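Down below is the structure, laid out as structure tokens.
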Amino acid sequence: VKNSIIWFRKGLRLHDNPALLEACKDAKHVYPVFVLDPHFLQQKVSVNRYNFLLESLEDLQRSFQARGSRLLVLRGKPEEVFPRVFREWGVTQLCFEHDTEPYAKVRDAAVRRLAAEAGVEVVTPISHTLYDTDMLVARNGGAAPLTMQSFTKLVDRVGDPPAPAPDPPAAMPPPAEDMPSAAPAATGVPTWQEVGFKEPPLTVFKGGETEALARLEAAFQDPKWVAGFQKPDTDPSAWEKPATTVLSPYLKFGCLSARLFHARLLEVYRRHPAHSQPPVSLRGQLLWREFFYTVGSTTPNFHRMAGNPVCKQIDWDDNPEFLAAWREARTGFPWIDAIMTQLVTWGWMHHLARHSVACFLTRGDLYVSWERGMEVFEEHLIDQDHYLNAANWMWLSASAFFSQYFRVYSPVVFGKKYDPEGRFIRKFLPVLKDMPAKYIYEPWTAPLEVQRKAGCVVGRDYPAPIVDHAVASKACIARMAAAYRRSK
Ligand SMILES: Cc1cc2nc3c(=O)[nH]c(=O)nc-3n(C[C@H](O)[C@H](O)[C@H](O)COP(=O)(O)OP(=O)(O)OC[C@H]3O[C@@H](n4cnc5c(N)ncnc54)[C@H](O)[C@@H]3O)c2cc1C
Ligand SMILES: [Cl-]
């Protein structure tokens with residue numbers, strides 16, 4: 001008889017889950033398993049993202065319970081847990097979604113070895129990406145495209161991605177009864193207090209497949225807005241109603257299927273002939289995700305500078321004071337400090353907001369390595385994706401994919417073209433709420449009488465700017481030009 005395990009790591013969803021569909025096929029018992037390392041924090045991870053993962057697991061639990069099953073959160077390491085439950089549960093098949101991250105290949109290789117010893121068939125379908133990214137590389141001649149222009153030509157030659165997989169049955173083969181490793185007291189979903197965190201999460205985005213599908217429909221309520229979507233023209237200062245979909249955390253954890261997102265975009269596109277095209281279109285945004293996954297999975301040391309064949313070697317400054325001020329949102333520039341405050345409170349900022357603070361830290365003002373900025377994003381972003389965070393940090397630092405280092409965002413002017421009153425600033429930096437809009441982006445320029453009348457004296461309640469942008473930007477551009485000339 002067939003007893004199987006569906007191992008959740010990413011792909012925290014029931015829709016478009018070919019691994020789950022194969023696990024339930026002709027199965028007498030199915031064990032939905034997520035492996036939680038209980039000492040993960042005691043070894044980096046904000047409570048905002050970890051609680052998002054936990055809320056995503058609670059959503060899977062309810063979905064399984066509605067179908068007569070149960071989600072099993074096993075404590076420990078996969079290499080130590082699976083060899084035990086293979087014998088205990090009489091497992092004949094192990095199914096999980098393919099993952100191309102560096103740690104994933106080392107972990108999946110070991111588990112695959114352990115399954116062959118126990119006589120367990122391993123099925124690893126691809127469903128986290130639009131395509132089999134290794135197939136894209138093989139069709140391009142054995143190397144991934146290095147520009148979006150050529151990558152879009154490749155996917156158009158390959159054709160449409162696979163359709164979303166059908167929904168699982170309304171009743172699933174259940175786990176066996178009175179199995180010791182499946183005891184409810186040892187397999188339940190923990191809370192954020194139970195894992196070790198002490199401060200509560202403050203983000204307004206809730207995890208889970210149910211929330212992902214709800215945000216998908218909300219985005220498609222206006223098909224005209226989807227058809228004409230142009231990413232560079234969206235508003236980074238919009239926070240009450242974000243200017244983009246905010247589907248990144250759900251695609252990162254696999255709460256939302258990328259193939260379902262793509263399939264519903266094409267339905268809209270067939271009825272709107274003048275729809276936007278890549279790379280600015282909403283579909284083009286999924287291709288940015290696919291493109292960075294394709295290059296990252298085939299590039300060694302893609303998440304670093306040294307040993308990275310696609311990354312340019314720039315001698316970034318080792319400046320802990322600039323890094324600390326940027327990380328703690330005390331740069332003296334309200335536009336920059338507000339985005340960093342949204343980072344630690346929400347764990348999500350608009351794409352152009354991430355452009356502003358990443359340029360400021362790297363090639364724009366402070367000249368700190370993009371690796372240090374990536375480590376700060378990795379801690380707080382609820383959508384932190386190994387390949388996307390690294391690639392976009394190399395883009396903004398002009399270390400790869402992007403080379404126009406003369407385009408430098410102003411920490412003053414960039415925000416006031418969208419938000420002259422500075423509602424985004426007043427929201428996340430309440431200390432500046434009573435500051436007149438004439439000085440909200442440059443509060444040091446406000447006369448002392450206005451600073452006192454607003455209850456925000458620069459140097460006492462809000463710090464002075466750490467650098468003069470005109471001086472600092474002119475220095476970074478000169479050093480970037482020297483770094484490029486030396487990298488022939
Ligand atoms: C320094 C920096 C770091 C970033 N780190 C991350 C990260 O860790 N995780 C992450 O998901 N994105 C990251 N991005 C990309 C981008 O800023 C976010 O994907 C975007 O803000 C998500 O909002 P949205 O879901 O509303 O996007 P939409 O515009 O609605 O796009 C829809 C989806 O397309 C994908 N997408 C959109 N823009 C990009 C892009 N530039 N690169 C790759 N995929 C994209 C995402 O999956 C996103 O959910 C980073 C960008 C910068 C500049
Ligand atoms: Cl600008």
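Residues are referred to by chain and number: the chain letter is A, B, ... according to the order shown in the structure tokens, the number counts from 1 in that chain, and ligands are numbered separately from 1 in the order shown.
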
- Message: Using only C-alpha atoms and all ligand atoms, which residues have at least one atom no more than 6 Å from ligand 1? Output them as a PyMOL selection string.
- Response: chain A and resi 231+244-248+251+285-286+288-289+349-351+354-355+358+383-385+388-389+392-393

Could those selected residues go to a file with N, CA and C atoms, as an mmCIF file, in the first residue's frame?
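Wrote it out as again-v1.cif, contents follow:
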data_model
loop_
_atom_site.group_PDB
_atom_site.id
_atom_site.type_symbol
_atom_site.label_atom_id
_atom_site.label_comp_id
_atom_site.auth_asym_id
_atom_site.auth_seq_id
_atom_site.Cartn_x
_atom_site.Cartn_y
_atom_site.Cartn_z
ATOM 1 N N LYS A 231 5.335 49.546 -14.221
ATOM 2 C CA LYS A 231 6.049 49.562 -12.943
ATOM 3 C C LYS A 231 6.802 50.858 -12.653
ATOM 4 N N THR A 244 1.359 49.041 -6.032
ATOM 5 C CA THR A 244 1.570 47.763 -6.694
ATOM 6 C C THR A 244 0.796 46.678 -5.941
ATOM 7 N N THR A 245 0.993 45.424 -6.356
ATOM 8 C CA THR A 245 0.140 44.336 -5.886
ATOM 9 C C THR A 245 0.451 43.915 -4.453
ATOM 10 N N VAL A 246 1.690 44.111 -3.998
ATOM 11 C CA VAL A 246 2.177 43.597 -2.718
ATOM 12 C C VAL A 246 1.939 42.090 -2.658
ATOM 13 N N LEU A 247 2.304 41.386 -3.725
ATOM 14 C CA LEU A 247 2.230 39.931 -3.762
ATOM 15 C C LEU A 247 3.581 39.273 -3.535
ATOM 16 N N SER A 248 4.629 40.068 -3.320
ATOM 17 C CA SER A 248 5.971 39.516 -3.155
ATOM 18 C C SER A 248 6.123 38.575 -1.963
ATOM 19 N N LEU A 251 4.510 35.187 -3.021
ATOM 20 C CA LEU A 251 5.283 34.462 -4.022
ATOM 21 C C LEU A 251 6.577 33.911 -3.435
ATOM 22 N N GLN A 285 7.081 41.859 -14.504
ATOM 23 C CA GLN A 285 7.584 41.768 -13.137
ATOM 24 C C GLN A 285 7.800 40.317 -12.718
ATOM 25 N N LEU A 286 6.904 39.412 -13.119
ATOM 26 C CA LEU A 286 7.154 37.993 -12.877
ATOM 27 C C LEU A 286 8.377 37.512 -13.640
ATOM 28 N N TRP A 288 11.084 39.434 -14.309
ATOM 29 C CA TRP A 288 12.221 39.864 -13.501
ATOM 30 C C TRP A 288 12.540 38.836 -12.426
ATOM 31 N N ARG A 289 11.505 38.306 -11.771
ATOM 32 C CA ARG A 289 11.707 37.267 -10.767
ATOM 33 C C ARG A 289 12.287 36.004 -11.392
ATOM 34 N N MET A 349 8.537 47.655 1.294
ATOM 35 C CA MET A 349 8.495 48.985 0.709
ATOM 36 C C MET A 349 8.305 48.845 -0.792
ATOM 37 N N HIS A 350 7.786 49.904 -1.402
ATOM 38 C CA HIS A 350 7.657 49.947 -2.849
ATOM 39 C C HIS A 350 9.033 49.825 -3.507
ATOM 40 N N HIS A 351 9.033 49.363 -4.762
ATOM 41 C CA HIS A 351 10.285 49.099 -5.470
ATOM 42 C C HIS A 351 11.156 50.347 -5.540
ATOM 43 N N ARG A 354 12.783 51.079 -2.247
ATOM 44 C CA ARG A 354 14.000 50.297 -2.085
ATOM 45 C C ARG A 354 15.131 50.856 -2.939
ATOM 46 N N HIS A 355 14.803 51.419 -4.107
ATOM 47 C CA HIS A 355 15.810 52.095 -4.920
ATOM 48 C C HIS A 355 16.446 53.250 -4.159
ATOM 49 N N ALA A 358 18.710 52.014 -1.145
ATOM 50 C CA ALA A 358 19.843 51.196 -1.569
ATOM 51 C C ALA A 358 20.872 52.035 -2.313
ATOM 52 N N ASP A 383 9.386 39.616 2.443
ATOM 53 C CA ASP A 383 9.475 38.994 1.127
ATOM 54 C C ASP A 383 10.915 38.683 0.729
ATOM 55 N N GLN A 384 11.826 38.565 1.700
ATOM 56 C CA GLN A 384 13.240 38.415 1.370
ATOM 57 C C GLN A 384 13.456 37.141 0.568
ATOM 58 N N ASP A 385 13.990 37.306 -0.632
ATOM 59 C CA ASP A 385 14.241 36.205 -1.542
ATOM 60 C C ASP A 385 15.725 36.210 -1.871
ATOM 61 N N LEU A 388 16.507 37.420 -5.472
ATOM 62 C CA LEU A 388 15.986 38.737 -5.826
ATOM 63 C C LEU A 388 16.659 39.840 -5.011
ATOM 64 N N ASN A 389 16.794 39.636 -3.698
ATOM 65 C CA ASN A 389 17.471 40.614 -2.844
ATOM 66 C C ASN A 389 18.900 40.853 -3.322
ATOM 67 N N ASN A 392 18.931 42.597 -7.022
ATOM 68 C CA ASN A 392 18.524 43.998 -7.018
ATOM 69 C C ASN A 392 19.493 44.864 -6.224
ATOM 70 N N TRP A 393 20.204 44.280 -5.255
ATOM 71 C CA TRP A 393 21.254 45.033 -4.576
ATOM 72 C C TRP A 393 22.463 45.235 -5.478
#

- Please, which residues have at least one atom within 6 Å of an atom of ligand 2, using only C-alpha atoms and all ligand atoms, listed as an MDAnalysis selection string? chainID A and resid 409:410 413:414

Restricted to N, CA and C atoms, what would the selected residues look like written as an mmCIF file, in the first residue's frame?
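again26.cif written:
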data_model
loop_
_atom_site.group_PDB
_atom_site.id
_atom_site.type_symbol
_atom_site.label_atom_id
_atom_site.label_comp_id
_atom_site.auth_asym_id
_atom_site.auth_seq_id
_atom_site.Cartn_x
_atom_site.Cartn_y
_atom_site.Cartn_z
ATOM 1 N N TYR A 409 19.827 59.071 -7.310
ATOM 2 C CA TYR A 409 18.596 59.579 -6.722
ATOM 3 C C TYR A 409 18.905 60.599 -5.636
ATOM 4 N N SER A 410 18.133 61.683 -5.617
ATOM 5 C CA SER A 410 18.300 62.685 -4.570
ATOM 6 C C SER A 410 17.454 62.320 -3.357
ATOM 7 N N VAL A 413 14.704 65.507 -3.430
ATOM 8 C CA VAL A 413 13.781 65.823 -4.515
ATOM 9 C C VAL A 413 12.956 64.608 -4.935
ATOM 10 N N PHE A 414 13.509 63.397 -4.800
ATOM 11 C CA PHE A 414 12.858 62.210 -5.355
ATOM 12 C C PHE A 414 11.474 61.997 -4.755
#

- Task: Once DSSP has gone over the backbone, tell me which residues of range 94-308 of chain A are in strand (DSSP E or B), as JSON, numbers by chain.
- Result: {"A": [94, 95, 96, 121, 122, 123]}

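Shell of range 158-169 of chain A at 8 Å, with only C-alpha atoms counted and residues fewer than 2 places along the chain excluded, is residues 14, 15, 16, 17, 18, 20, 21, 130, 131, 136, 154, 155, 156, 171, 172, 257, 259, 260 and 263 of chain A.
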
- Message: Could you pull out the helix (DSSP H, G or I) residues of range 29-71 of chain A, going by DSSP on the backbone, and write them as a PyMOL selection string?
- Response: chain A and resi 47-66

- Min atom-atom distance to residue 430 in chain A from the set A:149, A:341, A:450, A:8, counting only C-alpha atoms, belongs to A:341

- Name the residues in contact with residue 378 in chain A at a cut-off of 10 Å, using only C-alpha atoms, excluding same-chain residues fewer than 3 positions from it; report them as JSON, numbers by chain. {"A": [44, 45, 46, 49, 347, 372, 373, 374, 375, 381, 382, 383, 384, 385, 386, 389, 390]}

Those same residues - N, CA and C atoms - I'd like them written as a short mmCIF file (atom, residue, chain, number, x, y, z; two decimals), in the first residue's frame.
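The result, written out as result.cif:
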data_model
loop_
_atom_site.label_atom_id
_atom_site.label_comp_id
_atom_site.auth_asym_id
_atom_site.auth_seq_id
_atom_site.Cartn_x
_atom_site.Cartn_y
_atom_site.Cartn_z
N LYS A 44 19.00 38.25 12.59
CA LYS A 44 19.01 37.38 11.43
C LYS A 44 17.62 37.24 10.83
N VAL A 45 16.62 37.11 11.70
CA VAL A 45 15.23 36.93 11.29
C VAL A 45 14.34 37.78 12.19
N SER A 46 13.67 38.76 11.61
CA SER A 46 12.72 39.56 12.36
C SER A 46 11.45 38.76 12.65
N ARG A 49 8.79 38.57 9.59
CA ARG A 49 8.80 37.52 8.57
C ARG A 49 8.51 36.15 9.18
N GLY A 347 8.12 45.57 6.91
CA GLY A 347 8.86 44.56 6.19
C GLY A 347 8.63 44.58 4.70
N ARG A 372 26.32 44.54 2.90
CA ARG A 372 25.85 44.96 4.22
C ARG A 372 24.39 45.41 4.15
N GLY A 373 24.01 46.06 3.06
CA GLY A 373 22.61 46.43 2.89
C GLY A 373 21.72 45.23 2.66
N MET A 374 22.23 44.23 1.93
CA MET A 374 21.47 43.00 1.74
C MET A 374 21.24 42.27 3.06
N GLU A 375 22.23 42.29 3.95
CA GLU A 375 22.06 41.63 5.24
C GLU A 375 21.00 42.33 6.08
N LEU A 381 12.90 42.17 5.69
CA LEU A 381 11.95 42.02 4.60
C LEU A 381 11.12 40.75 4.77
N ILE A 382 9.79 40.88 4.81
CA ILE A 382 8.94 39.70 4.85
C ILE A 382 8.90 38.98 3.51
N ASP A 383 9.39 39.62 2.44
CA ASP A 383 9.48 38.99 1.13
C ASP A 383 10.91 38.68 0.73
N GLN A 384 11.83 38.57 1.70
CA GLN A 384 13.24 38.41 1.37
C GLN A 384 13.46 37.14 0.57
N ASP A 385 13.99 37.31 -0.63
CA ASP A 385 14.24 36.20 -1.54
C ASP A 385 15.72 36.21 -1.87
N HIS A 386 16.37 35.06 -1.67
CA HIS A 386 17.83 34.97 -1.78
C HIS A 386 18.34 35.56 -3.09
N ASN A 389 16.79 39.64 -3.70
CA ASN A 389 17.47 40.61 -2.84
C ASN A 389 18.90 40.85 -3.32
N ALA A 390 19.64 39.77 -3.59
CA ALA A 390 21.02 39.89 -4.05
C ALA A 390 21.10 40.57 -5.41
#

- Message: Can you tell me which residues surround residue 332 in chain A at a distance of at most 6 Å, considering only C-alpha atoms, apart from same-chain residues fewer than 3 positions away, and format the answer as JSON, numbers by chain?
- Response: {"A": [463, 464, 465]}

- Minimum-distance residue to residue 68 in chain A, chosen among A:95, A:170, A:23, A:114 (using only C-alpha atoms): A:170

- Message: List the spatial neighbours of residue 61 in chain A as a count of residues only - criterion: any atom at most 12 Å away, only C-alpha atoms, same-chain residues fewer than 2 positions off excluded.
- Response: 31

- Message: Please list as JSON, numbers by chain every residue within 10 Å of range 398-408 of chain A, counting only C-alpha atoms and excluding residues in the same chain fewer than 2 positions away.
- Response: {"A": [146, 147, 148, 305, 309, 310, 311, 312, 313, 314, 356, 359, 360, 362, 363, 364, 365, 370, 391, 392, 393, 394, 395, 396, 410, 411, 473, 474, 476, 477, 478, 480, 481, 484]}

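From CA of residue 128 in chain A back to CA of residue 2 in chain A, the distance works out to 25.9 Å.
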
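For the residues A:344, A:27, A:357, A:258, ranking by smallest atom-to-atom distance to residue 1 in chain A using only C-alpha atoms places A:27 first.
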